[PDB]
Amino acid sequence: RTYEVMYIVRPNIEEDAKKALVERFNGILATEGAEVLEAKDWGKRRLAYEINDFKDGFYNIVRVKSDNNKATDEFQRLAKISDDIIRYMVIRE
Amino acid sequence: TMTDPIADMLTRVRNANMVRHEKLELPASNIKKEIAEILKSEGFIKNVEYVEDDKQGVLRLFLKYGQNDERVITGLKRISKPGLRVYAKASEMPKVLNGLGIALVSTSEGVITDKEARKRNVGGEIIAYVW
Amino acid sequence: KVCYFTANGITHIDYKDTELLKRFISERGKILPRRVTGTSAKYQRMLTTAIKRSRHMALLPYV
Amino acid sequence: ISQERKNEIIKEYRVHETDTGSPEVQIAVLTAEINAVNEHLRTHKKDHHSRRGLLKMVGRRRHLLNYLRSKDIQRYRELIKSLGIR
RNA sequence: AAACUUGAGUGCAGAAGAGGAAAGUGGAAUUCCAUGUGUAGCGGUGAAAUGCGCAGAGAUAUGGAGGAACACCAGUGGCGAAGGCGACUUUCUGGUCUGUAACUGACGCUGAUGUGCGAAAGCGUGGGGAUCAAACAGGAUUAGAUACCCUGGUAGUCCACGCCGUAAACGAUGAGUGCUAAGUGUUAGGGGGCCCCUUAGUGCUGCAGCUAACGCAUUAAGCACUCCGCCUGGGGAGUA
RNA sequence: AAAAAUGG
Ligand SMILES: [Mg+2]
């Protein structure tokens, strides 16, 4: 079963911090027997509306395949806890 | 589901007669074929054909209309029914339309008309009235 | 008239295809009705779902 | 149930190769479906709509079992003791 | 007792869906709260008043708290046995339709008694509480006004688990099956050359036939067969 | 979009 995870990181993130964060969350999406088919970055994009008072956001796309959704659930829980990721969504197909 | 093929056949004939159709295809059975042949012999239908196809077979009736397009078959009535079956003795055989109609009967001597039932002095299950 | 998706043969609508979605979105952001855009109902459903997904991901505006 | 599991069940219970419509196969598949929906309902108690389909499946399986018992008692006994559905 | 495949199911290839249950995430608006500016009203009605404001209201700008419902799409469109189901995402799960004809070979229909679901209000325990709003309180209207109108406002409306089991719970039309002119739209498919045919729904118009009439009319209220429920003048009374 | 009852 495939999953596309899109998330937005706050526009005021330093390069090194952003790299660390994306590495951490890709590892999270990879942990629970889920293979990250491919991760990529769409750069910093203008948001159609202010989210948490931010007009811009770094857009990260990840596609991961798994037979369950433990990795996606952990990603969503840690993204909710995180104050660096603004938005996230998971689509099955 | 289907519960009276004889009634279904009679109702097919009635509906086709109302609409003044010429032919009539229905699923076949031995009792239906005997009824159709009796109708032909008596003159209520023009012709009967049997198609020995796969499955059940087919009966193809051809109806008869008189001059001025007058319908030969005035009405058909199922008498004995799955919910209540009717049998009659030879001395109690009914006359349809004072004799102008036929009562199709099922007897130990084959399915015949009420005239033949009275002549042979037998009774049986009154399948239907046709006038 | 003719349906854009039926003519082009596209059998899927991607919620990240903002350029395509902007065609059927209104000036104020409302989703244009099917009777105006000419689209089929089958693909109108997919288009609406994709547009709502995009709104959620802030690609497209609510208002 | 998954189509793979359904294929496994039909393979196990088929009277002969290429047999998918035998009463044994049908009632074994129905038993699997019934158990799966029971496991669903244990977690989702208030799924009345699902439980209705479950009850329809139960009735269909019972009618198949009745027909099998009417046609061949030995097959019926063997099947019920195999599936644990008595 | 023995055979058959059309009914009924199973297999295989597809299709759509606000079908259900549980978590999660959003944006608009209402309310309230805290600030900045600013002042003589705001609100409401047929007209007013109550009320709020001058102790600085209302308006306006920024932020915060919380509950509820999901604008546009949206359509005699879709899904469900019915009640009903409309933001998005994920997980679990029910049903339906289309095409083959491998498979079982009548395994079917109906259904008393039973057993379950069932709008809204209501009840119990616990939580929540924005809005709206029975009761209630003022203000009006009026001969009166235990109303309609206005300003507030509690239960409730929301959630979980129980209970209740009723609605003009309606298409005022039980279920199954077959047969009987046509025209035209729409939803999901399928086959053949924008067109033709076809399956299943969903609308409109319209013969035969039916009806007291109104009307129904392949989604019958027509022609038939099976099973179930129900009626027998009005009131008393859905009462004792 | 104020109010205007009743008639063996
Ligand atoms: Mg008078």
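Heavy atoms only: backbone and side chains are in, while hydrogens, waters and symmetry mates are out. All chains are named by letter (A, B, ...) in the order of the sequence lines, taking the proteins before the strands, and each is independently numbered beginning at 1.
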- Message: Say we look at E:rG26 and E:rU90: how far apart would their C1' atoms be, to the nearest angstrom?
- Response: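 Result for the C1' pair: 15 Å, nearest Å.
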- Query: With distance as the sole criterion, do the side chain of B:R12 and the base of E:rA224 form a donor-acceptor contact below 3.5 Å?
  - Reply: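 Absent.
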Taking pairing as Watson-Crick or G-U wobble with both contacts under 3.5 Å, can you name the mate of [N], or confirm there isn't one?
{"N": "E:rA18", "result": "none"}
{"N": "E:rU100", "result": "E:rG11"}
{"N": "E:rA188", "result": "E:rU199"}
{"N": "E:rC230", "result": "none"}
{"N": "E:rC163", "result": "E:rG122"}
{"N": "E:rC210", "result": "E:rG215"}
{"N": "E:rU60", "result": "E:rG36"}

- Partners of D:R42 by salt bridge (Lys or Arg N to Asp or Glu O under 4.0 Å), sequence neighbours excluded?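 Only D:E39 meet the salt bridge (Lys or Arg N to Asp or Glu O under 4.0 Å) criterion with D:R42.
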Roughly, in whole Å, what's the span from [atom1] in [X] to [atom2] in [N]?
{"X": "B:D8", "N": "E:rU177", "atom1": "CG", "atom2": "P", "value": "14 Å"}
{"X": "A:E74", "N": "E:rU90", "atom1": "CD", "atom2": "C1'", "value": "15 Å"}
{"X": "B:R71", "N": "E:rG209", "atom1": "CZ", "atom2": "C1'", "value": "11 Å"}

Residues from [range] sitting under 4.0 Å of RNA chain E, heavy atoms only?
{"range": "residues 31-63 of chain C", "result": "C:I31, C:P33, C:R34, C:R35, C:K42, C:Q44, C:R45, C:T48, C:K52, C:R53, C:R55, C:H56, C:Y62"}
{"range": "residues 77-86 of chain B", "result": "B:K81, B:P82, B:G83"}
{"range": "residues 30-65 of chain A", "result": "A:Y49"}
{"range": "residues 42-56 of chain B", "result": "B:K55, B:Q56"}
{"range": "residues 6-13 of chain D", "result": "D:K6, D:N7"}

- Message: Does a side-chain N or O of A:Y88 approach OP1 or OP2 of E:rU25 to a distance below 4.0 Å, or not?
- Response: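 So the side chain of A:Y88 is outside the cut-off, no N or O lying under 4.0 Å from OP1 or OP2 of E:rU25.
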- Query: Can you check whether D:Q3 has a side-chain N or O nearer than 4.0 Å to OP1 or OP2 of E:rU10?
  - Reply: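 It does not, given that no N or O in the side chain of D:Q3 lies less than 4.0 Å from OP1 or OP2 of E:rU10.
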- Does A:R10 count as lying over the ring of A:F58, i.e. NZ or CZ under 6.0 Å from the six-ring centre, within 45 degrees of the axis?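 No; the conditions do not both hold, so A:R10 does not lie above the ring face of A:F58.
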- For RNA chain F, the dot-bracket notation using Watson-Crick and G-U wobble pairs below 3.5 Å, [ ] for pseudoknot-type crossings and | for other-strand pairs, is ........
- Residue closer to the 5' end of RNA chain E, B:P27 versus D:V25 (nearest nucleotide):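 On the 5' side of the pair lies B:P27.
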- Message: Using heavy-atom distances to pick each residue's nearest nucleotide on RNA chain E, tell me which of B:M2 and C:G29 is more 5'.
- Response: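 First, find each residue's nearest nucleotide; the 5'-ward one identifies C:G29.
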[X] side-chain N/O to [Y] backbone N/O, donor-acceptor pair under 3.5 Å:
{"X": "B:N17", "Y": "B:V13", "value": "no"}
{"X": "D:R51", "Y": "D:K45", "value": "yes"}
{"X": "A:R46", "Y": "A:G57", "value": "no"}
{"X": "B:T107", "Y": "B:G123", "value": "yes"}

- Query: Atom CD in B:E49, atom NZ in B:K23: separation rounded to 0.5 Å?
  - Reply: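 Result: 9.5 Å between the selected atoms.
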- Looking at CD of B:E125 and OH of B:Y87, how far apart are the two atoms once the value is rounded to the nearest 0.5 Å?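 Those atoms lie 5.0 Å apart.
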Using a strict threshold of under 4.0 Å (side-chain N to carboxylate O), is an ion pair present between [Y] and [X]?
{"X": "C:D17", "Y": "C:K22", "result": "no"}
{"X": "D:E8", "Y": "D:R5", "result": "no"}
{"X": "A:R1", "Y": "A:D67", "result": "no"}

- If we require both distances under 3.5 Å, is E:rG114 with E:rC54 a Watson-Crick or G-U wobble pair?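 Here the two bases do not pair.
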- Query: Applying side chain to side chain donor-acceptor pair (under 3.5 Å), which residue pairs with at least one partner in residues 33-47 of chain B are found, sequence neighbours left out?
  - Reply: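 Side chain to side chain donor-acceptor pair (under 3.5 Å) check on residues 33-47 of chain B returns B:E42-B:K115.
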- Item | Side-chain H-bond candidate by donor/acceptor type, D:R69 with D:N66, under 3.5 Å |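 D:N66 and D:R69 do have a side-chain donor-acceptor pair below 3.5 Å.
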- Query: Where along nucleotides 108-120 of chain E does protein come under 4.0 Å, by heavy atom, of base (B) or sugar-phosphate alone (S), with - for untouched nucleotides?
  - Reply: SS-------SS--
- Task: Could you run through nucleotides 216-223 of chain E and give me one letter per nucleotide, 5' to 3': B if any protein heavy atom sits under 4.0 Å from the base, S if only the sugar-phosphate is that close, - if neither?
- Result: ------BB
- Task: From the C1'-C2'-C3'-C4' angle alone, say whether E:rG165 leans north (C3'-endo side) or south (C2'-endo side).
- Result: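 By the sign criterion, E:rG165 is south.
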Between the protein and nucleotides 158-167 of chain E, are there any N/O to N/O pairs under 3.5 Å, and if so, what are the atom names and distances?
residue	atom	partner	partner atom	Å
E:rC161	OP2	D:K46	NZ	3.4

- Not counting sequence neighbours, which residues clear side-chain contact (heavy atoms from CB on, under 4.5 Å) with C:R35? List them please.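 In terms of side-chain contact (heavy atoms from CB on, under 4.5 Å), with neighbours along the sequence ignored, C:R35 is linked to C:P33.
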